[PDB]
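One chain follows as C-alpha cells, the form solved without this ligand.
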C-alpha cells in the first residue's frame, strides 16, 4: 500500500537538496510525497525528474514578515554571515510556519511526517493530527552515537521528544564498528536509510566545459578540487585565508567558488591571487559540471566543508577529503573520515573556532603533496568508494527504510 509522506526540511539548501533527493527515492516506489517549504526556496530547487512529476507535490507556505528580515530571505543562505541578529529573525519567521503547517497537515491524510531537528512545531502538529513523525539526523552513525554520548539544543530536544523514529544516513557496510552498537537515541528508535549517494549526473557534453578541458591538460591526481557550495557561512577574510592556503601549498586547484552572501566581487579574493596562480589554479564563479570534475583522472583530493553530503559526493569518486571547519554540528562526521584515514580536518584555532592559511596549507600538504601520506589517503578513499558508489546497496536501504516506516 503506497503511503503519503510529508517532508519538511530546514530552510537551508544543504538540508533541502538531500531531502529533495530522498523525496524522489520514496516517490520512485509509488509513495506520494508532499515537500513542504517556502515559495522562494521551492522556486530555487532543481526540477523533480519527469518520472516523479505526479508523485512529488511542492507545498509552499509563505514565511511571515519579520521586521529586519529582508523580503526573500527565506534560507540561511540569504542571511549575511556577519549578522547573528538576522539569523535569529530567520528562525522567528520559520517558527511562524507552525499554524499554516498544522492547517496543511489537518487535511493532508499523511501517513508520516519527516522533519529536521529545528521543527519542534511540526512534530507537535504530527502528534495533534495522530501522524507518526520521523526526525532526520542525515549524518553518520558516529554522529548519532556522539549525540547520545529557544536555543538550538532546546529545539532539538523538543523535536526528538515529540518524534517516533530517528533517521540516519549511513549503513553497517560503512560503519560496522558503530551501527550494530546503536538501537535508540535517548529511547527513540534509530533507522538508517543508507548513504543515498547522488544519482550520476555526468554527461558526455561536460567534456567541452573549459574547467574539464583544463583538467585534461593536468597530470593524474594532481588537482585539488575545491567546492564549499552555495551556502558558505564565511566572512570574506576566511575566503582569503582559504585562497592563500591553496596558493601557499602550491598544488594545482580548480575552485568552484560561490561568494558568501553580501560580499562584493571586488573584495572576494586576495589582491593578485588569481594573477599569481594563473595556470596552476582556476577559479570558476559560474555553474561547473561537478560530477564530471569528480570523475576526472586529474582530480586527487576534494577540499570542502565538514558536511556529510559533500563527504559522500567526494568518496563516491574515491577522493580523500580536506575538510574545512565551517559547520559546528558536522564535527563528528569529519572526525569519522579522519578516523578512517580517508581525509583530514583543517585545524580549528581556539580563538575564532575557525581556520587560517597555515592550517589549510598543512592539510593540503598532508593529503595532496607529501608522497607517502598522499598515497595512503588516496588508497583509503578508493577503498571507501567501493561502499559509497554501490548504488544498488543504497537503494536496498531505501526499501529497508520504507519497511521500517510501514512496520511502525
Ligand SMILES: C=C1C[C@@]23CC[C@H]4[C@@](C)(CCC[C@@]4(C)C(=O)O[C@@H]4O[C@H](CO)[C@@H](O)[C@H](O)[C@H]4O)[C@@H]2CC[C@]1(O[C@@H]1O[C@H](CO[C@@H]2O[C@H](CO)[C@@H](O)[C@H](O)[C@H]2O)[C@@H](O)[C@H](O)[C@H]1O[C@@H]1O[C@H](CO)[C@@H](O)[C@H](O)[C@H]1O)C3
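Throughout, rigid core stands for the largest set of C-alpha atoms superposing within 1.5 Å between the two forms. Numbering follows the first chain given and starts at 1.
Compared with other PDB entries of the same protein, residue 275 is present in all of those that resolve the residues around it, none of them, let alone a third, dropping it.
Compared with other PDB entries of the same protein, residue 149 is missing from at least a third of those that resolve the residues around it. The entry shows a gap from residue 149 to residue 150, with 10 or more unmodelled residues of the deposited sequence in between. Taking only CA atoms, the mean B-factor in the PDB entry is higher for 328-336 than for the other of 328-336 and 169-177.
Higher average CA B factor: 287-295, of the stretches 287-295 and 159-167. Within the group 319, 203, 91, 120, the record's highest C-alpha temperature factor is found at 203. When the C-alpha B-factors of 96, 194, 229, 132 are read from the PDB record, the largest value belongs to 229. Split the chain's modelled residues into thirds by C-alpha temperature factor. Residue 214 is in the highest one. Among the modelled residues of its chain, residue 314 has a C-alpha B-factor that falls in the lowest third according to the deposited record. Residue 222: CA B factor in the highest third of modelled residues in this chain (values from the PDB entry). Among the modelled residues of its chain, residue 183 has a C-alpha B-factor that falls in the highest third, as given in the PDB entry. Ranked within its chain, residue 1 lands in the highest third, by CA B factor from the PDB record.
Below, we refer to the form solved in complex with this ligand, which is not included among the displayed structures.
Counting atoms of this ligand, placed from its pose in the deposited complex by superposing the C-alphas round the site, that lie within 2.4 Å of this form's backbone or C-beta atoms gives 3 or more, so the site is blocked. Among the residues 72, 176, 328, 219, the one placing a heavy atom within 4.5 Å of this ligand in the deposited complex is 328. Of the listed positions (125, 322, 143, 246), a single one reaches within 4.5 angstroms of this ligand by any non-hydrogen atom in the deposited complex, namely 143. Taken together, the three residues 10, 76 and 117 all come within 4.5 Å of this ligand in the deposited complex, as judged by their closest heavy atom. This ligand is not drawn, but in the deposited complex it has no heavy atom within 4.5 Å of residue 112. Interface residue remark: residue 209 is not counted as part of the site for this ligand in the deposited complex, having no heavy atom within 4.5 Å. Interface residue remark: residue 266 is not counted as part of the site for this ligand in the deposited complex, having no heavy atom within 4.5 Å. Although the partner is absent here, residue 240 is not a contact residue: none of its heavy atoms lies within 4.5 angstroms of this ligand in the deposited complex. Contact with this ligand in the deposited complex, judged as any non-hydrogen atom within 4.5 angstroms, is confined among 189-197, 101-109, 269-277, 226-234 to 226-234. In the deposited complex, just one residue of 79-95 lies within 4.5 Å of this ligand by at least one heavy atom: 81. Just one of 128, 85, 208, 71 moves its Cα by 2 Å or more between this form and the one not shown on a rigid core overlay, and this residue is 208. After superposition on the rigid core, the Cα atom of residue 262 is displaced by 2 Å or more between this form and the one not shown. Residue displacement note: residue 283 has its CA displaced by at least 2 Å between this form and the one not shown (rigid core superposed). Relative to the superposed core, residue 109 undergoes a C-alpha shift smaller than 2 Å between this form and the one not shown.
With a change of no less than 3 Å, the CA-CA distance between residue 201 and residue 20 is smaller in the deposited complex than in the form shown. A change of 3 Å or more separates the two forms for residue 230 and residue 155: their C-alpha atoms lie closer together in the deposited complex.
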